[PDB]
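One structure is given here, and the rest of the page talks about it.
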Number of protein chains: 8
Amino acid sequence: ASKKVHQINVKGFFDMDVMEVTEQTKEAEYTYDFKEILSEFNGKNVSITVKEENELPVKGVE
Amino acid sequence: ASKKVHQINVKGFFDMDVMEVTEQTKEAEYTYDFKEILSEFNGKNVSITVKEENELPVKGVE
Amino acid sequence: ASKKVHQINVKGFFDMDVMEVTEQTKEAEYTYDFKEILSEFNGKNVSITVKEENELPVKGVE
Amino acid sequence: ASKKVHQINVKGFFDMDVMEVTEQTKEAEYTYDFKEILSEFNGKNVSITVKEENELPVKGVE
Amino acid sequence: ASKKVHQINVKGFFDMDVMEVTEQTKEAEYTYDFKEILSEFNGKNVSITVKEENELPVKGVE
Amino acid sequence: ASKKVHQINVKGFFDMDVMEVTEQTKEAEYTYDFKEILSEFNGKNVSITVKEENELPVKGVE
Amino acid sequence: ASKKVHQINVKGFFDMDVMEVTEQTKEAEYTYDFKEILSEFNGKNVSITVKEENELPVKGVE
Amino acid sequence: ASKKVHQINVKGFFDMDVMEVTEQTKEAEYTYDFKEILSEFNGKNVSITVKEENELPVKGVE
């Protein structure tokens with residue numbers, strides 16, 4: 001069960017055209033290039049997760 | 001706190017050149033194209049996780 | 001193990017008569033119709049969870 | 001933080017027309033009526049979760 | 001896997017002599033009697049967890 | 001955030017009269033006396049959890 | 001499944017030369033000696049986790 | 001929230017004298033040297049977790 005784990009978490013607005021993820025913090029607006037990140041993993045067994053969560057359509061605010 | 005979550009989990013051998021992930025099950029060897037999967041999210045806020053876990057270098061076996 | 005997950009979380013005061021869940025936010029009072037939400041899943045395999053948590057009967061506040 | 005939690009987990013094939021969830025066990029096929037279950041919570045604050053997970057579209061099995 | 005779970009969480013200062021647990025909130029000091037709570041479960045299969053966490057002995061402060 | 005945690009997990013059939021918990025393993029049938037266990041914590045802030053999970057009333061096996 | 005767990009969590013700047021971990025709280029600067037802590041476990045089956053998390057190299061701060 | 005995580009998990013019999021952890025798998029007996037592992041983190045903010053879990057003292061085996 002012993003193992004070495006290496007993981008990258010990236011949260012932000014995704015633009016696959018320029019292949020970049022950019023998050024709007026409370027101070028700035030950071031931009032990470034998913035391409036470079038992804039490449040660090042090219043050639044190996046990985047576990048990739050892509051989550052997108054939105055709001056629930058309401059039917060009435062009071 | 002109510003929300004609608006949509007998530008994709010993909011585990012397998014990653015080849016970013018052809019942009020495909022392929023896992024070796026006990027029964028068959030499935031191949032998913034990360035490109036198509038990724039595109040379903042292009043243009044929205046996301047969390048991407050990319051995990052890669054290996055074994056620990058030993059020094060004694062018996 | 002690769003898969004596509006789609007999940008809906010709804011937290012609020014439940015009224016099964018009108019089939020609606022409504023949560024009280026420190027800014028407003030949203031109302032979601034559990035019927036419409038539930039219907040998005042009609043006809044498929046699902047894990048459903050319904051939690052209700054209350055307070056513990058005390059034997060002395062101070 | 002002390003509290004009393006009461007929760008119901010139901011996993012199966014969902015039919016909202018007859019309002020029943022039915023899971024296929026390697027020993028039998030159980031059927032629960034979501035209506036009765038849901039009613040045990042009518043009139044209270046609740047967190048409800050509805051998950052539906054499917055497979056990932058492949059581009060080549062082998 | 002479908003099931004009905006019923007759980008009690010109780011956090012506070014424990015006195016087994018009078019069999020009572022009492023927590024000091026920011027607003028008030030609640031007192032729950034572990035005896036009554038425990039009895040609700042007498043006669044059934046359970047999981048009991050009892051956790052106690054303290055601070056780590058330091059050796060340098062600045 | 002550094003801390004020392006000490007925790008006890010006890011799963012089995014609960015009998016508060018003789019104050020003992022007894023689990024039926026695959027080999028034997030172990031019996032732990034909740035009294036002794038509980039006492040190790042008498043006099044300190046703790047987080048106690050008592051869970052009891054049962055099966056869901058069915059309406060039809062096929 | 002019943003068991004007694006004993007666990008130590010230590011978060012801070014690690015210096016293996018003097019074998020000490022030191023975290024910078026919003027108040028003080030605590031220093032724990034990993035040596036003493038580690039010794040409390042010498043001679044036992046353990047599980048050890050060492051995590052180090054950094055920031056993601058950006059390409060566009062704004 | 002985006003970040004790079006690097007984590008090591010080590011489970012086995014701990015000997016701090018020789019500074020080695022050794023686990024007994026269902027096949028072999030692997031030995032890892034905690035010293036080398038630990039050094040990979042010397043000089044960094046880390047989180048360290050050391051857990052040791054034992055069995056509960058019974059009062060009636062059967």
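Every residue, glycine among them, receives a Cβ derived from its backbone with ideal geometry; neighbour counts consider all protein chains shown. Taken together, the values in this text are just the output of simple stated rules run on the coordinates, not laboratory data.
Some notes on this structure:
- Candidate set: segment E:8-19, residues that are more than 9 Å from the chain's Cα centre (by Cα) and not acidic (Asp, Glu); chosen: the one nearest to the other protein chains (Cβ to nearest Cβ): E:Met16
- Single match in A:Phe14, A:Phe41 (criterion: assigned to a loop (DSSP other than H, G, I, E, B) and touching a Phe, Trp or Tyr at 6+ places or on another chain (Cβ under 7 Å)): A:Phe41
- Test: residue in segment D:28-39 that is closer than 24 Å to C:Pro57 by Cα, within 15 Å of the chain's Cα centre (by Cα), surrounded by fewer than 18 Cβ atoms within 10 Å (Cβ to Cβ) and not aromatic (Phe, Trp, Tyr): yes
- Checking each residue of segment B:17-25 against the condition of being in a loop (DSSP other than H, G, I, E, B) and within 30 Å of H:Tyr32 (Cα to Cα) gives at least one match.
- Out of F:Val5, F:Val50, F:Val46, one residue alone is surrounded by 13 or more Cβ atoms within 10 Å (Cβ to Cβ), within 10 Å of chain H (Cβ to nearest Cβ), hydrophobic (A, V, I, L, M, F, W, C) and not in a helix (DSSP H, G or I). It is F:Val5.
- From H:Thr22, H:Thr31, residue being in contact with a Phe, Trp or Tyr (Cβ under 7 Å, 6 or more places away or on another chain) and within 14 Å of chain B (Cβ to nearest Cβ): H:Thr22
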